[PDB]
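Let me begin by presenting the structure, written as structure tokens, before commenting on it.
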Amino acid sequence: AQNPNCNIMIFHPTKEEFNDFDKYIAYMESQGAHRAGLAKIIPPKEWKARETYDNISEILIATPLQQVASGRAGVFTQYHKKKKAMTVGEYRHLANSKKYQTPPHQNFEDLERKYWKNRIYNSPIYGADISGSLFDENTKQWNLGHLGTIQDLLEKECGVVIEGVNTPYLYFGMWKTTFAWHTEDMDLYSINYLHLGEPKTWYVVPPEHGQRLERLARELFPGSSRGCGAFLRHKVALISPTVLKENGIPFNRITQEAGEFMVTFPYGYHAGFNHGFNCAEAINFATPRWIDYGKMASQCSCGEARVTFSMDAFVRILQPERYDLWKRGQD
Ligand SMILES: O=C(O)CNC(=O)C(=O)O
Ligand SMILES: [Mg+2]
Ligand code: NI
Ligand SMILES: [Zn+2]
């Protein structure tokens, strides 16, 4: 069995290897990459996502989210308070202000220490989940707006034609902006490209151990667990590496820098934080190996998780027994 310790693997494809996206994902899996739940892909030196980032300041963040924490430093939830719209140029200036800017620090480890010590005492503002793309249309390799769609993969594997679309999303971050512990919708893959700015630190639980994280979360967030049998789908709970280690949960960590891709694999729980002003682009995708994960994915039916239009068909076709209850939670 390849990668039996479930380490995060880092790949350096050549420009030739970068041509066929599906083929390279299958290659990484042949080497055991999926066992970690996360992999890093460093593009060949010849590749670029677009020519420059000099002209992005006029993008609108219609609903910036202030991420307000409750709990203790290593075990907390966050709620998202909606803020007035602002442009990327206005958001960048805000991220760089004295109130929000990255503190002085020695290295990524020191910054990570400071994040876990101090996150809860601040409320950073995240421009998340913005439909759009920063890849140039002429970028043919690993262009996250030009991937094969999940609806086409389901149709190719299973023969059923379904409605829905699959488009990318932009994320504008600042120091301490936080992504809570989650797997993807329908335990899909994700791919995330850090277009510019400061790094993103990731934490990940191997898919084979995801239920260990779920059981800890039920212990740590007991009211939330009684409210919903899949409350991690709400994407609000944080647990620090120190607490994970105290409770014996297997995990790994890595820092993504600008110009790098990350892939999350089906049922790979992940969480993390931004180091400073940045912009990422991410999208869900599927492969044949996902289908079985999609069939088994948990679902929130309490009403909190509310998701996209296109998840309807995935539930309806892969999980017909769960469909009626889940759809009630959507409505
Ligand atoms: O970058 C973020 O805030 C969150 N991204 C992801 O969870 C992802 O790409 O799957
Ligand atoms: Mg612009
Ligand atoms: Ni994710
Ligand atoms: Zn729920």
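FYI, nothing fancy with the structure tokens labels: chains A, B, ... in order, residues from 1 per chain, ligands from 1 as they appear.
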Non-local contacts of residue 231 of chain A (8 Å; only C-alpha atoms; under 5 positions in same chain excluded) as a list in words: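 Returned residues: residues 224, 225 and 300 of chain A.
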Could you take the residues named above and write them with N, CA, C and O atoms, as a short mmCIF file (atom, residue, chain, number, x, y, z; two decimals), in the first residue's frame?
```cif
data_model
loop_
_atom_site.label_atom_id
_atom_site.label_comp_id
_atom_site.auth_asym_id
_atom_site.auth_seq_id
_atom_site.Cartn_x
_atom_site.Cartn_y
_atom_site.Cartn_z
N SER A 224 -24.10 21.29 19.70
CA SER A 224 -24.19 21.28 18.20
C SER A 224 -24.44 19.87 17.71
O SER A 224 -25.26 19.65 16.77
N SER A 225 -23.84 18.91 18.32
CA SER A 225 -23.99 17.53 17.95
C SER A 225 -25.44 17.05 18.18
O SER A 225 -26.01 16.34 17.34
N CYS A 300 -26.35 17.05 6.32
CA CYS A 300 -27.07 17.92 7.26
C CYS A 300 -28.53 17.99 6.71
O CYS A 300 -28.70 18.49 5.58
#
```
Site check for ligand 3: residues at most 10 Å away, only C-alpha atoms and all ligand atoms, as a list in words: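 Written in the requested form, the residues are residues 179, 180, 181, 182, 183, 184, 185, 187, 188, 189, 190, 191, 192, 235, 263, 264, 265, 268, 269, 270, 271, 272, 282, 283 and 284 of chain A.
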How would the residues just picked look written out with C-alpha atoms as an mmCIF file, in the first residue's frame?
```cif
data_model
loop_
_atom_site.group_PDB
_atom_site.id
_atom_site.type_symbol
_atom_site.label_atom_id
_atom_site.label_comp_id
_atom_site.auth_asym_id
_atom_site.auth_seq_id
_atom_site.Cartn_x
_atom_site.Cartn_y
_atom_site.Cartn_z
ATOM 1 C CA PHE A 179 -11.711 27.927 7.301
ATOM 2 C CA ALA A 180 -13.434 25.611 9.727
ATOM 3 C CA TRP A 181 -13.106 21.798 9.824
ATOM 4 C CA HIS A 182 -15.040 20.281 6.923
ATOM 5 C CA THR A 183 -15.141 17.896 4.045
ATOM 6 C CA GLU A 184 -16.499 19.035 0.685
ATOM 7 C CA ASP A 185 -20.125 18.925 -0.331
ATOM 8 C CA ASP A 187 -17.364 14.455 -0.045
ATOM 9 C CA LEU A 188 -16.098 15.739 -3.400
ATOM 10 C CA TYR A 189 -12.505 16.623 -4.184
ATOM 11 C CA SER A 190 -11.463 20.260 -4.119
ATOM 12 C CA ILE A 191 -8.648 22.052 -5.867
ATOM 13 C CA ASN A 192 -7.377 25.382 -4.600
ATOM 14 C CA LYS A 235 -18.507 24.754 8.633
ATOM 15 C CA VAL A 263 -5.969 19.176 -3.806
ATOM 16 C CA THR A 264 -8.261 17.854 -1.116
ATOM 17 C CA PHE A 265 -9.449 14.273 -1.540
ATOM 18 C CA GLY A 268 -10.419 14.510 3.803
ATOM 19 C CA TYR A 269 -11.366 16.839 6.630
ATOM 20 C CA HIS A 270 -9.463 20.085 6.448
ATOM 21 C CA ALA A 271 -9.209 23.441 8.212
ATOM 22 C CA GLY A 272 -6.778 26.342 8.147
ATOM 23 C CA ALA A 282 -11.121 26.869 -5.641
ATOM 24 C CA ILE A 283 -13.610 24.465 -7.201
ATOM 25 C CA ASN A 284 -14.988 21.014 -6.520
#
```
Interatomic distance, atom CA of residue 141 of chain A to atom CA of residue 44 of chain A (Å, one decimal): 10.4 Å
Close residues, residue 45 of chain A itself excluded, 10 Å, only C-alpha atoms, min 5 positions apart in chain, as an mmCIF file with N, CA and C atoms, in the first residue's frame:
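Everything below was put into part_35.cif:
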```cif
data_model
loop_
_atom_site.group_PDB
_atom_site.id
_atom_site.type_symbol
_atom_site.label_atom_id
_atom_site.label_comp_id
_atom_site.auth_asym_id
_atom_site.auth_seq_id
_atom_site.Cartn_x
_atom_site.Cartn_y
_atom_site.Cartn_z
ATOM 1 N N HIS A 12 5.760 17.721 -8.318
ATOM 2 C CA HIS A 12 6.384 18.678 -9.199
ATOM 3 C C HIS A 12 6.169 18.261 -10.634
ATOM 4 N N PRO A 13 4.994 18.275 -11.239
ATOM 5 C CA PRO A 13 4.817 17.811 -12.610
ATOM 6 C C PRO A 13 5.659 18.643 -13.576
ATOM 7 N N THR A 14 6.097 17.942 -14.630
ATOM 8 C CA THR A 14 6.691 18.651 -15.750
ATOM 9 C C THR A 14 5.609 19.309 -16.581
ATOM 10 N N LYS A 15 5.966 20.213 -17.524
ATOM 11 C CA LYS A 15 4.969 20.793 -18.414
ATOM 12 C C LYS A 15 4.233 19.758 -19.229
#
```
Mind listing the residues within 6 Å of ligand 4, only C-alpha atoms and all ligand atoms counted, as JSON, numbers by chain? {"A": [228, 230, 231, 300, 301, 302, 303, 304, 305]}
Expected file: the selected residues, N, CA, C and O atoms, as a PDB file, in the first residue's frame:
```
ATOM      1  N   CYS A 228     -27.706  18.358  15.308  1.00  0.00           N
ATOM      2  CA  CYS A 228     -27.517  17.897  13.944  1.00  0.00           C
ATOM      3  C   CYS A 228     -26.527  16.748  13.948  1.00  0.00           C
ATOM      4  O   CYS A 228     -25.415  16.928  14.453  1.00  0.00           O
ATOM      5  N   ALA A 230     -24.769  15.806  11.543  1.00  0.00           N
ATOM      6  CA  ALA A 230     -23.642  16.160  10.606  1.00  0.00           C
ATOM      7  C   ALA A 230     -23.267  17.592  10.694  1.00  0.00           C
ATOM      8  O   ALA A 230     -23.120  18.319   9.758  1.00  0.00           O
ATOM      9  N   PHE A 231     -23.158  18.081  11.963  1.00  0.00           N
ATOM     10  CA  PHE A 231     -22.934  19.492  12.156  1.00  0.00           C
ATOM     11  C   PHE A 231     -21.609  20.099  11.630  1.00  0.00           C
ATOM     12  O   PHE A 231     -21.570  21.259  11.433  1.00  0.00           O
ATOM     13  N   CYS A 300     -26.350  17.048   6.318  1.00  0.00           N
ATOM     14  CA  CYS A 300     -27.067  17.920   7.264  1.00  0.00           C
ATOM     15  C   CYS A 300     -28.530  17.986   6.706  1.00  0.00           C
ATOM     16  O   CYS A 300     -28.702  18.491   5.584  1.00  0.00           O
ATOM     17  N   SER A 301     -29.482  17.697   7.509  1.00  0.00           N
ATOM     18  CA  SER A 301     -30.894  18.005   7.183  1.00  0.00           C
ATOM     19  C   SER A 301     -31.527  18.985   8.174  1.00  0.00           C
ATOM     20  O   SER A 301     -32.754  19.192   8.049  1.00  0.00           O
ATOM     21  N   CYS A 302     -30.734  19.626   9.117  1.00  0.00           N
ATOM     22  CA  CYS A 302     -31.320  20.512  10.112  1.00  0.00           C
ATOM     23  C   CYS A 302     -31.633  21.843   9.594  1.00  0.00           C
ATOM     24  O   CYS A 302     -32.198  22.650  10.335  1.00  0.00           O
ATOM     25  N   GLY A 303     -31.158  22.206   8.425  1.00  0.00           N
ATOM     26  CA  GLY A 303     -31.362  23.500   7.850  1.00  0.00           C
ATOM     27  C   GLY A 303     -30.201  24.429   7.854  1.00  0.00           C
ATOM     28  O   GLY A 303     -30.200  25.449   7.162  1.00  0.00           O
ATOM     29  N   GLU A 304     -29.171  24.097   8.628  1.00  0.00           N
ATOM     30  CA  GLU A 304     -28.102  25.054   8.748  1.00  0.00           C
ATOM     31  C   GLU A 304     -27.254  25.053   7.508  1.00  0.00           C
ATOM     32  O   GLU A 304     -27.017  26.153   6.985  1.00  0.00           O
ATOM     33  N   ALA A 305     -26.927  23.866   6.924  1.00  0.00           N
ATOM     34  CA  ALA A 305     -25.839  23.833   5.906  1.00  0.00           C
ATOM     35  C   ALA A 305     -26.123  24.583   4.589  1.00  0.00           C
ATOM     36  O   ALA A 305     -25.231  25.208   4.015  1.00  0.00           O
TER      37      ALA A 305
END
```
Would you list the contacts of residue 125 of chain A as a PyMOL selection string, taking every protein, DNA or RNA residue within 8 Å and counting only C-alpha atoms, but skipping same-chain residues closer than 3 positions in sequence? chain A and resi 64-67+173-174+177
